[PDB]
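[1] First piece of the complex, coordinates kept as in the full assembly:
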Amino acid sequence: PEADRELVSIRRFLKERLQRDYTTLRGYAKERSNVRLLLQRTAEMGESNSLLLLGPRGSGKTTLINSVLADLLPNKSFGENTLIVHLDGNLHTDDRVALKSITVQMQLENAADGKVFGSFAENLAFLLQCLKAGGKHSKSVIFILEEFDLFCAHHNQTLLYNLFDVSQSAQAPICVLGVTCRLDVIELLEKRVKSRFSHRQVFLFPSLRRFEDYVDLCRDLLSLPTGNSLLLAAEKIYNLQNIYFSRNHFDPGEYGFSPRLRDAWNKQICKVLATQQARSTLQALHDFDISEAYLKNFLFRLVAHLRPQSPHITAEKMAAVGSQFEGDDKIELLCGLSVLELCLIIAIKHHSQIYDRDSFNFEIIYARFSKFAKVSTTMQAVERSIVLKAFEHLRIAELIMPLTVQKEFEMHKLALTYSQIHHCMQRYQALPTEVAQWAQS
Amino acid sequence: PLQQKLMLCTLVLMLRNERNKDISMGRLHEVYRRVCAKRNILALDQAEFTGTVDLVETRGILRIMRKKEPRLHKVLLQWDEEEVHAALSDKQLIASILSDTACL
């Protein structure tokens, strides 16, 4: 069957685009132009700059940096006159780990095949002496410090004070480039380190606060591109792979759709996104979080469901994944509890409603439960030990949290709003009527 | 610097008008923004205001007790106001800020 395999090619294409498109950048014209002209002036003119990408998580900061590096690196001038040192604040948790990584990535004489010799002090002295020994004739370094706010937390901010100071000095032309999500990262800096920082800052707020931009983004993310665009994209990716993410990138030349298939797919995508139901699902999704990582997660859950029996995306499929997104996940845990733990939570809700959210105890809740169990005519048979193990089963799900003493007398707090328990009372399967009457009063 | 003058005048005003001398950086910045708004001059953001108060701290006029977050840092004046008034050397401005109770 040919129709069974074109859908597999479409699904692998859309999944590979949603997951591995590390250099494509929609939007940010002037900001990308600022970052590109700054790195270009550092590589050519020997200026020592510094920059600080800023913005909410999920906006394309790493994608912007990868786009600028992917368009600058194959120039055979930026690639020959500039060495690039990535650093990350989650992996380089101490100054000496980041310093050994700097010594390796710059290929200094004391590195020797990835095992740096000498102490942290000797590594800092050799790095600063190599940087002081250079000049405009030396190669430009481009430091890229992702998670810069964690680099601010290091002792004395000492590595930061070095990395800025070379940028303030007539030494090697380096370009420090922090990338961080906090909008007030600059007040974390020490006043000396803040003085040596050049205060230019690039904010990357997403450009799709309007809903129509969100619908256009969801349409462009699902449509199959024209084949000449696949040729130009594969040409650019081959140019960045002849010279890091390039070992496992998109490579869109592996997939080549027929014009009738691309036309039928883009027709179905425009017809689905013209519907009021898909627009209502995207409206709720945009109302929660506008960031592109959220939409790509929703679209990956949508594209993953394209079985050969059902090739087409439809508005009911987007409504099903959107109903999967919006549901409360603590009510779905409360519905899985057995009737004894549900009676314990109802006794906890009664003790909280009566005493105005005072902290409870296993003894108080067991007494309030036994006052119902003596007349329940189905709960007479339970032992105190079974109710105690049910209370511990409530405690390990973090539906009950300790105030931070014997395990039967420790004070506790309910972790639920009363509306969540009230919706559990309606969503519960095969609830006995005695518990449903006791819950009302 | 003029922003350091406005910071010292708002700190003297909040220390004079209030029995509780537990002044945070955010509680001081929220009054400093209203004072700059009534003076019809542009106010610094909190990220620059923290560096301004840190630069005033080097003179010994203040002492900042650090906390977990930059908003929660506690400014503590270490000069008396009779010295702060002679140090600012702009009595026509301090007479305007200290008579501005309504902006607190």
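    Arrived safely, thanks for sending. Residues are numbered from 1 along each chain as shown, chains lettered A, B, ... in the order given.

[2] Roughly how far does residue A:388 sit from chain B?
    Separation of residue A:388 from chain B (Cβ to the nearest Cβ, to the nearest Å): 39 Å. C-beta here means a position set from N, CA and C on the backbone, and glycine is covered the same way.

[3] Give the burial count for that residue, as a bare number.
    Neighbours of residue A:388 under the rule other Cβ atoms under 10 Å in any protein chain shown: 14.

[4] Secondary structure element for it, which one?
    helix A:384-396 (DSSP states H and E).

[5] Please enumerate the strands of chain B.
    B:23-24, B:62-65, B:74-77 (DSSP state E).

[6] picking up where we left off before, buried residues in the helix holding residue A:388, which are they?
    By 16 or more other Cβ atoms under 10 Å in any protein chain shown, the buried positions in helix A:384-396 come out as A:387, A:390-391, A:393-395.

[7] Tell me the one among those nearest to residue A:84.
    residue A:395 (50.9 Å; Cβ to Cβ).

[8] before we move on, the earlier item: which stretch among the strands of chain B approaches residue A:438 most closely?
    That would be strand B:23-24 among the strands of chain B, by Cβ to Cβ, at 48.9 Å.

[9] Which single residue of the stretch 201-350 of chain A approaches chain B most closely?
    residue A:201 (9.7 Å; Cβ to the nearest Cβ).

[10] distance of the nearest residue to that residue once chain neighbours are set aside from residue A:182?
    With sequence-adjacent residues excluded and distances taken as Cβ to Cβ, 6 or more residues apart in numbering or on different chains, residue A:201 is closest to residue A:52, at 5.0 Å. Distance of residue A:52 to residue A:182, given as Cβ to Cβ, to the nearest Å: 10 Å.

[11] Chain C should join the structure above:
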Amino acid sequence: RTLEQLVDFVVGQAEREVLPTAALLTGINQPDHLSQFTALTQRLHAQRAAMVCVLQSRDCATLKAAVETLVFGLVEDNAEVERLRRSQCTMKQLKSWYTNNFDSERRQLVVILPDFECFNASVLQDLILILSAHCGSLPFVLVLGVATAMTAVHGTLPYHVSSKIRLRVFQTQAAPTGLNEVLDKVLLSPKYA
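    Same chains as before, plus chain C:
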């Protein structure tokens, strides 16, 4: 008699997920039972049915120290049947050592816990979850030494921890019965002057 029943329990697990485990309702007189557990290690080594670690409460203030003394006791006990530093006796090294030795033949990995009442509760529950995670790959048996009663075992083991427990209860004879036996057969014997 209780020794033969415990050895039959360990060999029956060896003939064959939850870890099998054997509560031993021993008396209040805790120091006396080290000879009992030593006789259990002597029988299990003489049959070549198992290798035994013994986890004292003094050695296990934290989960790290408990795992280190457990792996160190199993490896050095096997070395003493036929010295790595205690910093490097990870459970992964225990799995690699068991595969290098006894995968070709199955010896049980008995872990005596003589003073069950003296343990930290969180360290003991985390250790039971760790030993339950390795069942199938590593055959563990967890005999215990409960000086009080089984209600203490049901109290210190929560719903999640007791979900992975298949315990069997053995009972040591009462201390006054042992005193009466010693007083009648020894201190009143005709043969001593």
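
[12] ok chain C is loaded, check the buried residues of helix A:384-396 again?
    For helix A:384-396, by 16+ other Cβ under 10 Å, it's A:387-395.

[13] And stretch B:61-76, by the same measure?
    B:61-62, B:64, B:70, B:73-75.

[14] Number of residues surrounding residue B:32?
    26.

[15] surely it meets residue B:10?
    Yes: in this structure, residue B:32 is within contact of residue B:10 by Cβ atoms under 8 Å, at 4.6 Å.

[16] Among the buried residues of helix A:384-396, list the two that are farthest apart in space.
    Every pair of these checked by Cβ to Cβ; the farthest is A:387 and A:395, at 12.8 Å.

[17] Please name the nearest non-neighbouring residue to residue 128.
    Going with chain A. Residue A:128 sits nearest to residue A:162 (Cβ to Cβ, 6+ apart), 6.3 Å away.

[18] let's do chain C instead
    Per Cβ to Cβ, 6+ apart, closest to residue C:128 is residue C:161, 5.4 Å.

[19] that's a helix at that neighbour, yeah?
    Yes: applying DSSP: H, G, I helix; E, B strand; the rest coil, one finds residue C:161 inside a helix.

[20] so who does the nearest residue to residue B:5 once chain neighbours are set aside touch?
    In this structure, residue B:5 finds its nearest non-sequential neighbour in residue B:88, 5.7 Å apart by Cβ to Cβ, 6+ apart. Contacts of residue B:88 were listed using Cβ atoms under 8 Å, 6 or more residues apart in numbering or on different chains, and they are B:5, B:8-9, B:94.

[21] repeat that for 7 Å
    Going by Cβ atoms under 7 Å, 6 or more residues apart in numbering or on different chains, residue B:88 touches B:5, B:8, B:94.

[22] include chain D too:
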Amino acid sequence: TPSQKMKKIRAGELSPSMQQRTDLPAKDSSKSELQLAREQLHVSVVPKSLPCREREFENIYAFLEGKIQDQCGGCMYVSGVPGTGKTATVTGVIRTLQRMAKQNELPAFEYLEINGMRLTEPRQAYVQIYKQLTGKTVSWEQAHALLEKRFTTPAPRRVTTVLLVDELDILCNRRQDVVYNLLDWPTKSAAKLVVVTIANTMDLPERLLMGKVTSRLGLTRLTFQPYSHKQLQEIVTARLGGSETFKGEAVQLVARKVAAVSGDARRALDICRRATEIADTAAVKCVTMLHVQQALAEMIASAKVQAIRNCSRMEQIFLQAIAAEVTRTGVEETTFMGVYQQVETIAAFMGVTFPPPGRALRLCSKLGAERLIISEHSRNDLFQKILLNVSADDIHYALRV
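    Placed with the earlier chains, chain D looks like this:
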């Protein structure tokens, strides 16, 4: 073998070279005049003679020339807010003294220098000072012993040695042994050491140094005041030369709005470079005043109202309800439960439904990662505390106007 490389490094017999460019740097004559101003305005290009720091130059020069010619030794403490021309003036005085000693108008002298933030440990200064003497790298104990053998023992012909020490507050620690040794060595007659110490705080010897260390530091002191409205203009117009690429009102606005904040000179020399880069993309060859206004608005940024306006609608309802609970309860620290109740009230007013609390914790985590609010780890839901980091009037300014 690597050990021969490390031994040649620790003996100093191989200089630490850095890789050179494959392509030659561009010639000076191809540059535009605006590029010439952009490279004269770089902060790394120190002028040969600093404008507006003549009095401090005469002070440090008279102190160092008297300490060198008298062959006695001593100490000095210069201090001031960053960017005020401290280290540039001290190195300019020392370069002038070296130019004078080269012509035999002055006795010759050695010039050691350290910096307290280039050292991982306070004791590593002993490793570095000895590295400016012999060039060997040794352990700090052997280096401290050899430095005591050099300074305590009179060995003619001993030459005068000037030990500049930037960043004195990093070298302190609790024991204060390193700063005590560095200030105690000049007091011995055998050592001709003249130590100069640069720092930021004016009150450092009384604030954190010990009483004997403050007694050794002495009463000779100099304070670098912040640059005023006029000196910052003189600095930038000295950097530009005779070029008219900058309007005089543009430099006046840069100096007027930088001197009002800090008095840093690096801020003025960075804002003028950004103004040159802004004028370059407009294809004009003169930096007119609106380019300076755009560069000033960019580099004294205040982008939190843009962040609140760019938030998703449920996050804006959350930011309204946190300020509503702050106004209602009075205290500035609110639990998540009352914030969620005010969220349900505001969402019932606006007509949109709100996400259930497990998604409201995701909204609170996003605002706490963006630092629009301060919030705890999410493991203690409904009882976690939510400080508002942005001011309450900024939220209404974002969501109304």
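
[23] Re-run the earlier check on the buried residues of stretch B:61-76 with chain D in the model.
    B:61-62, B:64, B:70-75.

[24] out of the residues you listed, who's nearest chain C?
    residue B:72 (32.6 Å).

[25] bridging residues for the nearest residue to that closest one once chain neighbours are set aside?
    Nearest residue to residue B:72, sequence neighbours excluded (Cβ to Cβ, 6+ apart): residue B:24, at 6.0 Å. When assigned by DSSP bridges, residue B:24 has beta-bridge partners residue B:74.

[26] Just give me the neighbour total for residue B:24.
    17.

[27] quick one: is the one helix or strand residue D:129 maps to near chain A?
    Per DSSP H and E, residue D:129 falls inside helix D:124-131. Yes: counting by Cβ under 7 Å from any Cβ of the partner chain, chain A is contacted by helix D:124-131 at D:124, D:127.

[28] Just the CA trace of that helix, in PDB.
    Extracted C-alpha coordinates of helix D:124-131, given in PDB (Å, rounded to 0.1, in the frame of the first residue of the first chain):
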ATOM      1  CA  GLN D 124      47.100  32.300  46.500                       C
ATOM      2  CA  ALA D 125      48.500  35.900  46.400                       C
ATOM      3  CA  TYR D 126      51.600  34.400  47.800                       C
ATOM      4  CA  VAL D 127      51.800  32.200  44.700                       C
ATOM      5  CA  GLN D 128      51.300  35.200  42.500                       C
ATOM      6  CA  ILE D 129      53.700  37.800  44.000                       C
ATOM      7  CA  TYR D 130      56.500  35.200  43.800                       C
ATOM      8  CA  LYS D 131      55.400  34.500  40.300                       C
END
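
[29] Next, the contact list for the residue of chain D most remote from its centre, please.
    For chain D, the C-alpha farthest from the mean C-alpha position belongs to residue D:351; by Cα atoms, centre = their mean, that distance is 50.7 Å. Shown in contact with residue D:351 (Cβ under 7 Å, 6+ apart): no residues.
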